[PDB]
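Below is the structure I would like to discuss, written out as structure tokens.
The letters A, B, C, D, E, F, G, H and I name the chains in turn, as written, and every chain counts its residues from 1.
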């Protein structure tokens, strides 16, 4: 489950600039005036019409591209995945909707993007009820106080080892939340197959990071140092979303923001491994500047 | 077992929407006897390969009837108080009919789809299209005395000549709005506060038995003053087009038609129609 | 358990159009571009023949994009455009009465309406696929007939 | 003769019968291109012939498609509509045809003596929809 | 266009009538037909059809049927009848095992499958993909990683 | 008001624009313009009709309508037949100037 | 109110003959017509427009 | 490098004033992709001796178009609420 | 408006429905319909009366009433006696179409 909607933009129609659209129209204008064209014909009110036309399909090649963005799930915006998710049986649910406890403070809330898009991405992995590698995952995302699942099997067959990980705070998920997946997997599994539900199937070791960054002689070091965790505090929450590994370079590249000339790392000697079974947790960070 | 199920299912809702006239308690038991019983066919019709060209028109005969059964229940129920309905608790029960019957109608539509909405009212592009050719009046051998013509610009104009109306009088009142303000020791001051109503009044007479000019095997008609009436119920200004001084007269809305048709025939047909039209100048920009 | 299409919110790419709000922009993009050298906004001026083409042919291209955006959405496509949604989900349009006639007037090949494809494309998920759980071994065991 | 006037032997038969009858014969050219009908009009010049070359097509109920009518009878119904409603002295050209759709050839037309397929046929003494 | 103009038109208006509209293709309906997508944006559609495994070495006839039949594959993952069609570019449909062909009540492991794959187009390599290309079609614990092959 | 010429694209303003403003009225039929159906003249409907004395007064009454809509800076005076050759009638469109 | 064209009938003329005005009357016709704007604006002889009510 | 810069600069503002019909967030990235990118030509054109009778009518063809691009953005933006515009924060960005 | 035919049950809409709409007016007597007493014509009262010149104008005045009630899409023009055989008079019901 990897977001595709954060890449450079695909152009279904080419998006030419204003000049080569304009010279293409003059080549259409010389051929249409063939036999009767004169240099006195291309006067000032004639050329300004062609400068309008070169400006309007600059706004039509931008319209075809902006329409083709919002059709593909790559770069589709809000109130439009409901038209796509209806084609994939994905409806947004209510996360404490507008119940007026008091009538003027209305508190309305729906499912946001970039996780509704994941549920449209997990649409075809919910058709097969004979349990492939992702149907045990995509049916286990029905709960709220968890994060996504990984599936494996070391022992004898029809013994499923699924790793129910959870993002709510310091590590360990509650065992009462653990019992909800067997209520979520009754008519979704195979009947002879039988799962065991392990919450931390390999173990949790405590991690930190300590970075002595440098910033440029220039803008203020208050909002730029804190902007390094804007790409880091959402990155650690996305590691057990796939249950996969952190690297030394994950502790470098998630701290490069606009205004960084060098970074520094001490907390790992070498990078650690987190397999489809193995996962971990980071306790507390301290990122300051060296200058 | 849908051959036993839905036909019995409509039988409960026949008791539901009719034994609820002046009571509430007799509605709940056939409604409970339907929602858990139309489900016996909405789960049965989950897997059918389209069994027959018959046997599913029967499903269309039934689901149209169960669709009529929702309308009978939900209108008889809606005649009651909400508080008397809340104590019974079938506000949260009749919505299950919107769940189970819609799941049954989706199940029938998967097995046997609906017929296409065929089209028999497809017209050509003529029956709403005006005949833009000018009439035989505009090509006649008589110079036109005055011409009425509206703002839609495609409607047929009216031509005044000896074939149609042929007025011989032309009143043209034209006031000018000077308002008097009485001053105490002197003459009253006059101020130009507008333009006032300018009117044109067309007298005349139509004799609808005098034959058209040159004996065209066609007489002046009885229709030929009612055409002035039809052109006046358009709620629309008219351009006057004379041919002597200024030709571009302004926009002139038509206000009054009053004919005096006498010397009648046997079927009420007159042979004189003395009219007087009366215009007012529409003040456009 | 499917959601109806009549309760969906309206999408982003479908726009109401106006001839005036395209043409008054083309006036408001050309009048400033002439810097007062052109000032005859009478319709008989042959730029207003052409600005009523660049606002009319653009409105056709603005409508083709709205026509193509409805053709790729399940809640708005119709005609041969649900055939492309149907061919991707292995759903074909039915035949109530067959195609070939035996008489001299040609009997039309009666297909189901596009309001029933939206039933069938949306029910292409909750469908008997494989007998995984206890509720699917029995529903896949409905090949025989004399049985409860 | 609807359809049987692209042949010259009947268009000469309708020619010589016209001055016996004191009528005008509404013949029609072939439904090919313009110079196939301009050169077909050069075989005449006999004062009694009114040729309308684009065989216009009409909508059909049974076919549910576009037909092919020779468009010589449509000019006859237009002349009978002209001389009874507008008089025989009125020119029966600029008037409406009913029971009609597009033509078998898209025949363009402008104003200002261009190379149009309207001015090409009219200068060859050929009428056209 | 020049046809939308009135009959009175100059050659300038007829020329500017053919230039100032400046029509464009609308390649928007082509985004969801895999047989009509362009080759540069085909894996965008392979993402939304959730094509689990992909190779940038196949022909486009072997790339577009993996997107067109991505529904029929993902509808029936536990079956054999889509395990037959998941190995489409490797052209192979030869033989498959079942319980009663082995007489002593199945293998210890309750019959993990040892299917038969018969490829003839590519001989070098082509082994290391089939234990992981068939992984999504395989359930997590209904089979074991035992596999059989043929070249 | 400054407009451009129909042919040759040259911006001409004073009175040559006045004459081509009239000839865009007289030679456009009704409904030929895009999104402007009440523009033009019925003179194309008067094409190839017999020149009677009621045809003359129907052209005066229709030029005055069509110039009264989209040409307010022209007061129409008269329309007169001045010659007749085979088919080609020719009309002296005379009118005073206003605005 | 479905109408059938000829080979020269045009959209802004047709919905002016049907409705009586053109303010908000062409794009409402193009809204409830699948694939109408994709077809060329000088229409062919056999395409059908269903003109909606309340343009 | 103004032959590459301004013609690409109008291409961002074509996305700015049109992908903002019923949304706000898609306006900010082409506007940020223009202000720090039209500056790449406003600093480039600080020192030119009037290089050609051509090559600068192209600049007049471009700066008329970018002048039309301000009118398209600032009218599409002005259709929104001020409070929805203040939370986005492009009142202090469109002035650049 | 699309209705069905009286005989043979076929749904016919455009103008064959228009003609059978008129002949349900002319041949139903008044009060014969159920819960609709002011429906139909007095033409059955005009059956087997002598054809005078006041009988003609009383049929024109009564067809115009009965079609004016329940047929607004027909403007009646005239009713004319066109032939007389023994008893069988026959009337050319001519009228323009509206609506």
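Just so it is clear, a residue touches a chain if its C-beta (ideal position, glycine included) is under 8 Å from a C-beta of that chain, and two chains touch if they have at least 3 such contacts.
Listing every chain that touches chain D and chain E alike gives F, G.
The chain with its Cα centre farthest from the Cα centre of chain A is I.
Judged by contacting C-beta pairs, the busier of the interfaces A-H and E-G is A-H. Per-chain CA centroids place chain G at a distance of 38 Å from chain I. Mean C-alpha position of chain G lies 38 Å from that of chain H.
In whole angstrom, the spacing between the mean C-alpha positions of chain B and chain E is 56.
Chain C and chain D have centres, each the mean of its CA atoms, that are 44 Å apart. Under the contact definition stated at the top, the residues of chain C that touch 2 or more other chains are 2, 12, 19, 29, 33, 37-38, 46-47, 49-50, 53-54, 56-58, 61, 64-65, 68-69, 71-72, 81, 85, 129-130, 132.
Among all residues of chain F, those that touch two or more other chains are 4, 6, 8-9, 11, 24, 27, 31, 33-35, 37, 45, 49-50. Listed for chain E are residues 1, 4, 6-13, 16, 20-21, 24, 26, 28, 31-32, 49, 71, 75-79, each touching two or more other chains. Here the touching chains pair up as A-C, A-E, A-F, A-H, B-C, B-D, B-F, B-G, B-I, C-E, C-F, C-G, C-H, D-E, D-F, D-G, E-F, E-G, F-G. The touching residues of chain H, counted against chain C in their complex, run 21-23, 64, 67-68, 71. Touching chain B in their complex are the following residues of chain F: 30-31, 37-38, 42, 45-46, 49-50, 52-58, 60-62, 64-65, 67-69, 75-78. Of all the residues in chain C, the ones that touch chain E in their complex are 46, 49-50, 53-54, 56-58, 61, 64-65, 68-69, 71-72, 81, 84-85, 87-90, 124, 127, 129-130, 132. Of all the residues in chain B, the ones that touch chain G in their complex are 119, 121-125, 128-130, 152. Contact residues of chain G toward chain F in the complex are 12-13, 16, 22, 26.
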